[PDB]
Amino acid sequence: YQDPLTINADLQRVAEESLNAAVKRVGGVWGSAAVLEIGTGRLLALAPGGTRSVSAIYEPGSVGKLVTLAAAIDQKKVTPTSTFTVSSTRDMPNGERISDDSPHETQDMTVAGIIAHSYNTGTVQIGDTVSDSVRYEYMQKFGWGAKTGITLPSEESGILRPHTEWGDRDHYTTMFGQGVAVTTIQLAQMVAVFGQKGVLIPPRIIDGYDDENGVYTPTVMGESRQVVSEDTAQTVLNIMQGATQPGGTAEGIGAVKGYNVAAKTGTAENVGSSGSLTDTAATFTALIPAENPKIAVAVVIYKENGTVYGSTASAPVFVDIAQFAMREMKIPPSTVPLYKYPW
């Protein structure tokens, strides 16, 4: 007997424990977390025990900025040190007003720092350097709007409306993960690209089988794709290491002692039972150790009639999971510094 599934039992336990505790700590309704082994697509942990991580869809928020960032970089429209002006609000060519989470002093900042702070006013300028059809194409390549094809029941495909349907609001909201709906597994599969030299590897819960007596491992199916170039992947991976740097959205709370973390936070309004934007999903997508990623993690906590933030709600779950996984996988602490671009 060989265990044919990919789940790590102890990691799964840590995942469920942390997630349950955080959903309660924060007064959420539910949560989800997915842990992928980098390079293999092997699913190390999936919480909760339902098919929630596979069937629940929500607007992911600013974790979706990674797609926008990767599109602009891959199309060679901006570099990590390209500067844009950030301000409390910004009025766009099309008449839309974009605002940052909280008012702050107007300043110039690099692309790297814009992502670290997650300034929407800076992000929309990064996104405007590329057309809607191109961004939409990168969204599909990243796996949005499609089932990941994992062999579990009830997987949802999510909602990615054709860009031909995007109005003036959508043009911008889709840049920061609003006006699209994803699953937690889609989030993990997506962030893993940046630790896989731009390659998306479809997630798997079933290893092979021995096939010594009876060939039971699937013929063919699978297939990974190059979403983004190797250089684009490395660059986003470098930029993501700004998350736990001072001023980064994940500072302190997303840090895993002794390991370099690459991360993005998100906080997105979601539609409540009432039919209005009463709810929020707090998201966190991460890669660790950043210098040479071994796992990709996505966490969502959902709260009805309230605000939860990716950093304060979801990052602590990532931390508990990542801390165990590094021991469990016997990964030594980071010997190189956390990457920093000028901001």
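A residue's number is simply how far along the shown sequence it sits, counting from 1.
Participant: Specify whether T123 falls into a modelling gap in a third or more of the other PDB entries of this protein.
Facilitator: In all of the other entries, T123 has coordinates.
Participant: State whether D231, though modelled here, is left unmodelled in a third or more of the other entries compared.
Facilitator: It is not, since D231 is included in all of the other entries that model both flanking stretches.
Participant: If you average the Cα B factors in the entry, which is higher, 95-103 or 244-252?
Facilitator: Per the PDB record, 95-103.
Participant: Going by the average Cα B-factor in the PDB entry, point out whether 278-286 or 49-57 comes out higher.
Facilitator: According to the PDB entry, the answer is 49-57.
Participant: Looking at the C-alpha B-factor values in the deposited entry, which of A72, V199, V111, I205 comes out highest?
Facilitator: Among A72, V199, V111, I205, the highest C-alpha B-factor in the entry belongs to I205.
Participant: Among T265, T217, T235, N120, which residue carries the highest C-alpha B-factor recorded in the PDB entry?
Facilitator: In the PDB entry, the greatest C-alpha B-factor among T265, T217, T235, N120 is found at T217.
Participant: Classify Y1 as lowest, middle or highest third according to the C-alpha B-factor given in the PDB entry, relative to its own chain.
Facilitator: As the PDB entry reports it, the C-alpha B-factor of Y1 lands in the highest third of its chain.
Participant: Using the B-factors in the PDB entry, rank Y209's C-alpha atom against the chain and give the third, lowest, middle or highest.
Facilitator: For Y209, whose C-alpha B-factor we compare with every modelled residue in the chain, the answer is the highest third.
Participant: Which third of the chain holds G64 when residues are ordered by C-alpha B factor: lowest, middle or highest?
Facilitator: CA B-factor rank for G64: lowest third.
Participant: Split into thirds by Cα B-factor across the chain's modelled residues, where does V191 land: lowest, middle or highest?
Facilitator: Lowest third.
Participant: Ordered by C-alpha B-factor within the chain, which third holds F142? Give me lowest, middle or highest, please.
Facilitator: It belongs to the lowest third of the chain when residues are ordered by C-alpha B-factor.
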